[PDB]
Amino acid sequence: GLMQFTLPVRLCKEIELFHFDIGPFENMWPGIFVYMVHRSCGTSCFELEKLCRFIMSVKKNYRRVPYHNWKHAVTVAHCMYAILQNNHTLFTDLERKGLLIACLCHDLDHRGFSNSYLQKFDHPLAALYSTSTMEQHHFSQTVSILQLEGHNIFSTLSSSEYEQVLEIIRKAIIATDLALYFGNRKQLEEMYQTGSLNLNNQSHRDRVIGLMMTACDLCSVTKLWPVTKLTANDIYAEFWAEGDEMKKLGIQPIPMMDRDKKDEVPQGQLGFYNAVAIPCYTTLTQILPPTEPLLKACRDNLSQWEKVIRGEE
Ligand SMILES: Cc1c(C(F)(F)F)nc2ccc(CCc3nc(-c4ccccc4)cn3C)nn12
Ligand SMILES: [Mg+2]
Ligand SMILES: [Zn+2]
């Protein structure tokens, strides 16, 4: 109870910034996550013993794939931590508890394959869940782990508070299905511009948390250029493996997933920053002004991919 987690000085200062990289020392990531829960939520939010046991079972249920791995989960949780810490008074106690857990869990038991590949393969998960296939799986894996003995980190919440936090987590994880993001951002755009956006309207909060989830999930475009650039290799190593698997089913993959078309990566990144990332952090900055460093960092990285195309790197 008087037992704080404390980080070395450079991490203690830099973890508060949006562009923080959690580093290559896997064994420090649990400690980084508890640090973040303690400062964004309180030392009283979770029993330390239960939280530590939950974090280690979550780690165990992330697979050894190039991108959608344990490092991604903790990276997405740190972005969320930075958003919550720069918007102190906008969020409920339940939201602060739910959203870091949501982020840590959002890609549980990912296999490095998209919803479309599961559908074309005719994976069982595609019959159990006809839309947001992997996302419904991730939430189902989260509930599983919460129900193992000694793993109920929400044990002190009431019956109705428990149901509310699990409902924040469910919508938060569903929102990481990027197919849902485009309509969610348009509605948020229209609502903000016509002045109807109302943070007391629960259906409006939901949308705003959805957009936070997209922003955290895409936060590898908001890092320093060398972090952004090396993560992109991990991202494409998954997509190219999926493309190989499409070719094995007798389907020409899209170019994004076809390793034979590596050369078009720079222009594919441009499209992605313009079509997805920039509009994401733009609408996010409109709704939550203190998240502007994410938009500024995203723009700097677009500018770096423009330099790659111009043969200046
Ligand atoms: C960085 C990043 C992130 C984030 F935010 F998580 F880092 N998420 C994603 C999701 C997708 C992509 C790939 C973006 C993309 N490449 C192509 C392409 C590439 C080579 C040849 C032909 C076409 C098309 N298109 C849309 N990057 N990405
Ligand atoms: Mg996902
Ligand atoms: Zn993710």
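So for chain A, numbering is Swiss-Prot's, and the shown residues are 724-1036, in order.
Cβ atoms here come from the backbone N, Cα and C positions, even for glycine.
So that you can see what the record holds, here are the features copied from Swiss-Prot:
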- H791: active site, proton donor (ACT_SITE)
- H791, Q992: 3',5'-cyclic GMP binding site (BINDING)
- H795, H829, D830, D940: divalent metal cation 1 binding site (BINDING)
- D830: divalent metal cation 2 binding site (BINDING)
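Features per Swiss-Prot, on structure.
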residue: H791; record: active site, proton donor; DSSP (3 states): coil
residue: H829; record: divalent metal cation 1 binding site; DSSP (3 states): coil
residue: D940; record: divalent metal cation 1 binding site; DSSP (3 states): helix
residue: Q992; record: 3',5'-cyclic GMP binding site; DSSP (3 states): helix
For the recorded divalent metal cation 1 site formed by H795, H829, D830, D940, name the remaining residues of the chain with Cβ within 8 Å of the site's Cβ center, in chain order.
-> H791, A796, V799, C826, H833, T899, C939
Given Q992 (3',5'-cyclic GMP binding site) and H829 (divalent metal cation 1 binding site), what distance in Å do their CA atoms have, once rounded to a whole number?
-> 24
Starting from each candidate's C-beta and looking 10 angstroms out, tell me which of the binding-site residues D830, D940 has the most other C-beta atoms.
-> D830
Where the C-beta lies under 6 angstroms from ligand 2, the matching binding-site residues among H795, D830, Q992 | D830
Reported as an integer number of Å, what is the Cα distance between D830 (divalent metal cation 1 binding site) and the residue listed as 'active site, proton donor'?
-> 7
Please report the number of other Cβ atoms within 10 Å of the Cβ of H829 (divalent metal cation 1 binding site).
-> 28
Count the other Cβ atoms sitting within 10 Å of the Cβ of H795 (divalent metal cation 1 binding site), across every protein chain shown.
-> 23
Rounded inter-Cα distance in Å - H791 (active site, proton donor), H829 (divalent metal cation 1 binding site) | 10
